[PDB]
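A.B. asks: Sequence and experimental coordinates follow.
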Amino acid sequence: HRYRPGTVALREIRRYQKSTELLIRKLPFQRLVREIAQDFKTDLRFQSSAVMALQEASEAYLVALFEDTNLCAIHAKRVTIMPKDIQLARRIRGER
Amino acid sequence: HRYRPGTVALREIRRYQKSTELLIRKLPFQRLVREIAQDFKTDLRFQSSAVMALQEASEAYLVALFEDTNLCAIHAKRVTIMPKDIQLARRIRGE
Amino acid sequence: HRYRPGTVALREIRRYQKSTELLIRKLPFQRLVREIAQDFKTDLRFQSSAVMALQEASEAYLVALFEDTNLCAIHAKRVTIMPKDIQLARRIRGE
Amino acid sequence: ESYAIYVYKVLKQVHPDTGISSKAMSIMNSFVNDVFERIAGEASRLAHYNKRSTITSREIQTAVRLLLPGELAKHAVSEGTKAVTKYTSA
Amino acid sequence: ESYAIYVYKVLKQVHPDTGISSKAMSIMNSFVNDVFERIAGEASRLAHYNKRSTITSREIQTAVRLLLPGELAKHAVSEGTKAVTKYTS
Amino acid sequence: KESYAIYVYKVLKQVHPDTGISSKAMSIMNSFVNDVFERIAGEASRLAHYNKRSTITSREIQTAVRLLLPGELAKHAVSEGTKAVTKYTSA
Amino acid sequence: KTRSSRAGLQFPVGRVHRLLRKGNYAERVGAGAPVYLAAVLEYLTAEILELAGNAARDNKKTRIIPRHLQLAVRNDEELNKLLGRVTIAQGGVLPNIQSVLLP
Amino acid sequence: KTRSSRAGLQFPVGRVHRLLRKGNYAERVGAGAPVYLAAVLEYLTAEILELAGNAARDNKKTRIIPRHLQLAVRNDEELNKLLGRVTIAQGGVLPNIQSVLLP
Amino acid sequence: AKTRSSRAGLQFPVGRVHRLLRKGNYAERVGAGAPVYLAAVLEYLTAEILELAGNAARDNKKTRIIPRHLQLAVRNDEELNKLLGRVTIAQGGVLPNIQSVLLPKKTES
Amino acid sequence: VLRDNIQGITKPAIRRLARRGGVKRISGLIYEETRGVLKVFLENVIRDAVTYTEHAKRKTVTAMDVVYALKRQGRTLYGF
Amino acid sequence: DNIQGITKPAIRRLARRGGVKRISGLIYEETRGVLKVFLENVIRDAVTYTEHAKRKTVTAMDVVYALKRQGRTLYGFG
Amino acid sequence: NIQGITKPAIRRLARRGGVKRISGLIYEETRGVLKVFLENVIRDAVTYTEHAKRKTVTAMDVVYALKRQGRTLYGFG
Amino acid sequence: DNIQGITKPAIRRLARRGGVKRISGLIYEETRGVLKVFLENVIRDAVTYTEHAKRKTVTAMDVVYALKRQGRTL
Amino acid sequence: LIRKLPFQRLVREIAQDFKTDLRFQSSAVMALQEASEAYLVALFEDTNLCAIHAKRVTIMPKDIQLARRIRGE
DNA sequence: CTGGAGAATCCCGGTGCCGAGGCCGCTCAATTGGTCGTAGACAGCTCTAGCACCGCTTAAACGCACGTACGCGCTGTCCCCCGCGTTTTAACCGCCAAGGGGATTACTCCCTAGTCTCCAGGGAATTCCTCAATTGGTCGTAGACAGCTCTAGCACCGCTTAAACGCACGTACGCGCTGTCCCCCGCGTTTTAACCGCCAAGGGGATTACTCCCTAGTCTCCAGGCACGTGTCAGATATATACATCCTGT
DNA sequence: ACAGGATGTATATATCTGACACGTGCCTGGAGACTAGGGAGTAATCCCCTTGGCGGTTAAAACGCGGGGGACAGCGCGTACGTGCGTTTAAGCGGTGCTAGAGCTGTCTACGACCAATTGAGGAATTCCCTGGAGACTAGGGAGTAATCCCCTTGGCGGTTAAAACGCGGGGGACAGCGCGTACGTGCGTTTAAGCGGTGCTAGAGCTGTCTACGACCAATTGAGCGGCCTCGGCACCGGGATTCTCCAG
């Protein structure tokens, strides 16, 4: 059968709120941060704990942003998040 | 219409090198002279020609120091004068 | 073994700033003094202390000049002194 | 250089049976370092503003009353006062 | 003639154990003669500016205030006046 | 009271008989003449004293001028001085 | 006997004195300063460890872990005001979804 | 009769002699000293007034002005050598701009 | 008889200073107080020089003042340095000094 | 390294991030927007970390350099 | 106080007569400090002459004697 | 002649002056500056010797020439 | 009592300065609330600076030290 | 932009919670007034953005408290 | 609305692995004790500034009425997001090798300190001689002290006018980074001149003595220079027109 | 890159005002003459220093080479400086008014110079003794320069399994349109309180001086904390069964 759309979303929310693991794959993020850093210093090196700290800070930041954008979406009386919600949250946060 | 940066500078360099006026306003300078003298003697009087002699010597000193500063700026490949140029010029002049 | 460029130059600076003896050879300078004098008046004699007074004053002048040209080199953001540093130093001194 | 032995000695009296993981111990080290350095920062700013060369309990007390929220402050300055008056009486 | 015995007597006052080289002593002679020429020539110039015929202690006092740096001047004038008021005592 | 103005004016009316001079420029010329006088007389004084002799003669003035003035300005100054002394004493 | 036991503290007064000296916070440090500061640090440590240990016990765990520190800090509104700009490594999020999303 | 006319001078030999004797320059003054000195003062006066009258004429002025005395002294390198440490009140500067500053 | 130096309390010769003030033709007249004042000033300046030069000698662990120690004295006391700014001490050296830009050392903190 | 490893921050992972953020549904334009804001978040922290590494004149960015970069950015990370 | 009456424009005029094309904004305070040091060195000498004259009025001749003593002679003021 | 003032001597003088590094054109420039200084001093020392009606140049004529040049030498009377 | 001293037209001006076109009648009370806590969060710190000086007058320096602290926490 | 006296009275009435017979410099009150007005203007700007985002021109208290929440007040 | 079916989650039990907790030894930091100097506390004084009160004016706020605009609710339609299945790709883990850095170690050179010996030179003492310094008296002038008059300096006010200050905007210059090539430094080897040192000779400077000429001082007389008044001429200021240079648009 | 337009400067003319030039009168300074003294000049002699040569040895200079580091050029980016405009402020000019201080004159006394005599100090010479510095040798330490080693992370490779990637259908959500009622704004009148000015008072702030206690610094000793190692327990994972939640059909 089909679960009604949105119920499996609520189930997914519940499981990812009750669990503390890292949600981004580690190696793609390590490649991303090495790509970003290689623009600033050609032969730079990282501690693995530095990549881990960057991942923890990035995921915490994105999660709290998605919280503020869900607040913006709910305020406009709709449930779908849209880019104008990220843009409003960030503009009110002043973090442009 | 706007003149390019430095076009009006060269024009007024040519102006102020052609003329011989005093360039500091006279009352401000006189009040400065009296303020400095007040630290040396109270109730002191000045002849007006003593103020004019001080202003002439002061402005000739500053113009000459600016010439040495400009030579210092040019030596470092700059065209803007900076405080390190005045400090160098006054160092080499021994003062 | 080889010391790296500038290590010995700094040991020499410390050596010569510590000492006081005259750094030009005496006979070459005495011959220079005599050749320069020969153009003003022929068959002048010199007291040996006159040649020493000339040497002392000349070395003190050259050292005091090199300190200013070193300052001008540093101001141009380089450590090698260049003839244009001597020329700037002498111009700012007004020589 | 770690506070871990002191975090244990506080833990074994606030919860005598409970243990703590080293990944939580390094968080506790981070917390006490952050609170130490921010309290010392505000005490330094207060001393400088008052033109005082010396940091004393009177500076730290007001740094705590600035940094901590009202009831955490009210308890913190009570424990601090009691500890200082015990130290001076001993 | 030279100041060497007086430079030596003041050396024995300031540093009784220390000696001085004959080449340092000749530098002290040059120093004393230079400072004398400076002070006396300024006292004469200043006397002439005021149409005076006489070098007095007042001209020497203002000469040392002109020539000596302010802190050296402040002590030099007090040594001068102390000497004059002792002499005229 | 004491000024060179009429003699500077006589020299001006000799070298440029059509030209005039402002009183500010005349006072500059007076300051110039007094400064050069004081330089030469001071150097001749020091030079007479150095040789331990009581008198300032034309020879001290000549040597003072040779020290103070540069180059050909000195050569002409001494030629004019000696010409004047010769015309004076031969009179 | 150590100044901590004189003051009645577990936290090290001597170490806090060193760390105040070596931080150049001011050129002089009074004798009561490290006793007051060590007593405040011990207080805040005991308070957070009390809350975290309760959260651990409510999870039926014998051992405190970063999750329980996050739960403690976010459930206490006052530590939450103290630690508002703080991220705790693998602390996760305080479970919450609003009734506008629920059916 | 007068000593200036005997020497052939415009400048006053008698006043130069007076100023030498009232000047404490030396305890005696020879008779040729004021003649030689007056003749040098006259030569240098004529040299400056000549260069100043050239500058005045080039500026189409009929009168010497301190500007013209400055132009005279500073354009002649030997007067500028003599008067290097001297400034002329209400004289200006020589027009000059460095080639690095010109376009 | 008693010397004017000992009457004034000076080591420097007041009579010689008076003679030199007359002989040097500084003015027609020289008042009786000018020699005493000038001798006192010259003695003071000499004592200042020899104090600083004796300190420089002692710091070098030397028993004898030499031109080096006079140069170190004059050039380390800024008042003497600006009194003696246009003067060179024969057989004195220079103050040891090197511009920091020339030195290789770094903080690397 | 490859030019576009930002595409390694995959749509499912952004969806998981939005789930922990409490979001029930997300429009398909959110993914590129999120990759944008992530890139601009990361690169300024990487810059500050490199600044600290160069101030220490060291070959490596350490975890303490990241922690100081975040602290000066105004976000404090405990546990490193 | 009154040193601020030596305005930025006047210093720019003085620098332009000196042939200066561009002037960094930090030069003005540097210039005022340099002028205040110069004036006080001359006036200290000028008032020393007035006190020696036992006058209350500084005359132009006291200024000229101070300047020439400072090693720089001014023509035009007697 | 002026080649008697050798490159090593000018190096030593520059070391005493605190100069760390010296371009090869400095030696001729320094020989020119030294020769001009000596000419300017010796001309005055010889003028003082001529005025004295004398033909040995004394150390005192050098000291007087230097004093006139505005740079005073201590140690030779 | 005195928070009603921050009157309806004054808030309307502050909003129109902020570019607000229309204001619902509930906003004035809400604005009074947010203003009241802002002042409390600043004045309280200013009074701890004055008490640390043992002064009895709050100075402008204490106000700006409080404001720069609140702005740093803000 | 706020009247001076009513704001001064409000500052007195707040301060008298924390200390008694406390006194204020005439410029301390003005510093508080101008900081308060600047804070309120910036808040009304964030409110007007939240209102415009709801397709709505009239600002409402849900907009103020959204802005405050998103700012983290 | 109610009941049944299917999917997902939770709970219980066993096993394994890694981390937590404890034990032991050593080193470094904490404590203890003494000394010293300065910061802070305490006291007193002064005076600004804050608080309180009163009156008047006018602008602002408040209250109510009116009317339209905007918010909200309802309805419809279309789009795009979700969920599921299948396929495809990359993450994760384990293993191995090499480079890169960081730290440590070794080696060599140079500087400094101590010791010993030798040289010189400096200092002290003594004696003798000469010149300057001191003392005392006299005489003349310079400076001080007082009186008087006039000028210039200082203060104030009123006004205009041009300069200075504030702000906005855009571009150019300054600063930093990177690469390459040349020139200078460090060093070894060879060559040359400088320095020590003595000897010889002549010239030049110094000293002494005598004589002559030059300058200073004094007195008298005449002319020149300075001061003041008047007249004339050149320079300054204002306005108009032309020419040159730079900036902007195609 | 080129051409055209605009802006700024220079040149010409006229008028007005101030400064320069000339003449006259009076007072002071210079010139002329004579007298007296010493300084300058000249001549002779003697002594010392400078100049020149010779010889040898050692240190310094010169000459060449290799490599490294710095200088120079090129490029890019960001902020500061320049140019324009408007508004405000102060300088400059003119006029008034008053007083202080500058400048001059006269008178009188003390100070300084000059002269003579006498005495002491300083300088010069000689001899002797002691100390300090210099030179050489020896040893140790520190700095400079290069290598070694060890450990950590990137790189590569293999394989398997889970995740994501892709496609499709349906359902829910988003967006739009329309209608209506309420609420916000706006207008007017009346009222009220803010703003401003003035007056009076006190208590807090600021500052200065003094003295004691507190904290820092230095040295020595001891205990605690950290590092390394070992053992056991707790938690997580896996497997199975039951329960709970959700969806569809009657």
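C.D. replies: Looks like it came in fine. Numbers count the residues shown, from 1 in each chain, chains lettered A, B, ... in the order given.
A.B. asks: Let me know whether stretch G:13-29 sits next to DNA strand P.
C.D. replies: Yes. Counting by C-beta under 7 Å from any atom of the strand, contacts between stretch G:13-29 and DNA strand P involve G:21, G:28-29. (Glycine included, C-beta is placed from N, CA and C.)
A.B. asks: So for that stretch, first residue to last residue, what's the gap.
C.D. replies: Between the start and the finish of stretch G:13-29 there is a gap of 13 Å, counting by C-alpha to C-alpha, to the nearest Å.
A.B. asks: Can you tell me the element residue 3 falls in?
C.D. replies: With no chain named, the answer covers chain A. Here residue A:3, judged by DSSP states H and E, is contained in no helix and no strand.
A.B. asks: how about it, what does it touch?
C.D. replies: Taking C-beta atoms under 8 Å, 6 or more residues apart in numbering or on different chains, we find residue A:3 in contact with no residue.
A.B. asks: Give me the phi and psi for it.
C.D. replies: Dihedral pair for residue A:3: phi -70, psi 140, per degrees, to the nearest 10.
A.B. asks: can you check residue G:64 too?
C.D. replies: Backbone dihedrals for residue G:64, given as degrees, to the nearest 10, come out at phi -80, psi 140.
A.B. asks: Just give me the neighbour total for it.
C.D. replies: Other residues within reach of residue G:64 by the criterion other C-beta atoms under 10 Å in any protein chain shown amount to 29.
A.B. asks: do residue A:48 as well
C.D. replies: When counting by other C-beta under 10 Å, one arrives at 10 neighbours for residue A:48.
A.B. asks: Would you point out which residue of chain A is nearest chain F?
C.D. replies: When distances are taken as C-beta to the nearest C-beta, chain A approaches chain F most closely through residue A:41, which lies 63.0 Å from it.
A.B. asks: Quick check: the gap between whichever residue of chain G sits closest to chain H and residue H:72.
C.D. replies: Distances between chain G and chain H by C-beta to the nearest C-beta are smallest at residue G:24, namely 47.2 Å. Distance of residue G:24 to residue H:72, computed by C-beta to C-beta, to the nearest Å: 65 Å.
A.B. asks: who's more crowded, these two?
C.D. replies: Taking neighbours as other C-beta under 10 Å, residue G:24 and residue H:72 compare with residue H:72 leading, 24 against 8.
A.B. asks: quick one, what contacts that one?
C.D. replies: With contact set as C-beta under 8 Å, 6+ apart, residue H:72 has these partners: H:48, H:51-52, H:54-55, H:79.
A.B. asks: for the closest residue to the residue of chain A closest to chain F other than its chain neighbours, helix, strand, or coil?
C.D. replies: With C-beta to C-beta, 6 or more residues apart in numbering or on different chains as the criterion, residue A:41 has its nearest non-adjacent residue at 5.6 Å, and that residue is residue J:50. Residue J:50 carries the three-state label helix when classified by DSSP: H, G, I helix; E, B strand; the rest coil.
A.B. asks: What of the one 4 residues further on?
C.D. replies: In three-state terms, and counting by three-state DSSP, residue J:54 is helix.
A.B. asks: Could you list which residues are in contact with the nearest residue to it once chain neighbours are set aside?
C.D. replies: Leaving aside its sequence neighbours, residue J:54 sits nearest to residue A:41 (C-beta to C-beta, 6+ apart; 7.8 Å). Taking C-beta under 8 Å, 6+ apart as the criterion, residue A:41 is in contact with J:50, J:53-54.
A.B. asks: between these, which is closest to residue G:14?
C.D. replies: Using C-beta to C-beta, residue J:53 is the member of the contacts of residue A:41 that sits closest to residue G:14, with 33.5 Å.
A.B. asks: Write out the residues of chain D neighbouring chain E.
C.D. replies: Within chain D, not a single residue sits near chain E (C-beta under 8 Å from any C-beta of the partner chain).
A.B. asks: Tell me which stretches of chain D form strands.
C.D. replies: Taking DSSP state E as the criterion, chain D carries its strands at D:19-20, D:54-55.
A.B. asks: quick one: the helices in the chain?
C.D. replies: This is for chain A. Ranges of helices within chain A are A:7-17, A:26-38, A:48-75, A:83-92, based on DSSP state H.
A.B. asks: To clarify, I was referring to chain N.
C.D. replies: Listed from the start of the chain, chain N has helices (DSSP H) covering N:4-15, N:26-53, N:61-71.
A.B. asks: what does chain D give?
C.D. replies: Taking DSSP H as the criterion, chain D carries its helices at D:4-14, D:22-49, D:57-67, D:70-89.
A.B. asks: and the closest residue to residue N:54 other than its chain neighbours, how many neighbours?
C.D. replies: Using C-beta to C-beta, 6+ apart and skipping residues adjacent in sequence, the residue nearest residue N:54 is residue A:76, 5.2 Å away. Using other C-beta under 10 Å, residue A:76 has 17 other residues around it.
A.B. asks: Could you pull up the residues touching residue A:76?
C.D. replies: Under the criterion of C-beta under 8 Å, 6+ apart, the contact list for residue A:76 reads A:85, N:53-55.
A.B. asks: One more: residue J:42?
C.D. replies: Contact partners of residue J:42, counting by C-beta under 8 Å, 6+ apart, are A:32-33, A:36, A:54, A:58.
A.B. asks: Contact residues of chain D facing DNA strand O?
C.D. replies: Chain D comes close to DNA strand O at residues D:8, D:19-23, D:52-54, as judged by C-beta under 7 Å from any atom of the strand.
A.B. asks: right, and the pair among the residues you listed with maximum separation?
C.D. replies: D:19 and D:53 (44.7 Å).
A.B. asks: any idea which helix or strand carries the residue nearest the centre of chain G?
C.D. replies: Among the residues of chain G, the one closest to the centroid is residue G:45, at 4.1 Å (C-alpha atoms, centre = their mean). Element membership for residue G:45 (DSSP H and E) is helix G:33-58.
A.B. asks: Would you pull up how far that helix lies from the middle of the chain?
C.D. replies: Between the mean C-alpha location of helix G:33-58 and the chain-wide mean there is a distance of 5 Å, by C-alpha atoms, centre = their mean, to the nearest Å.
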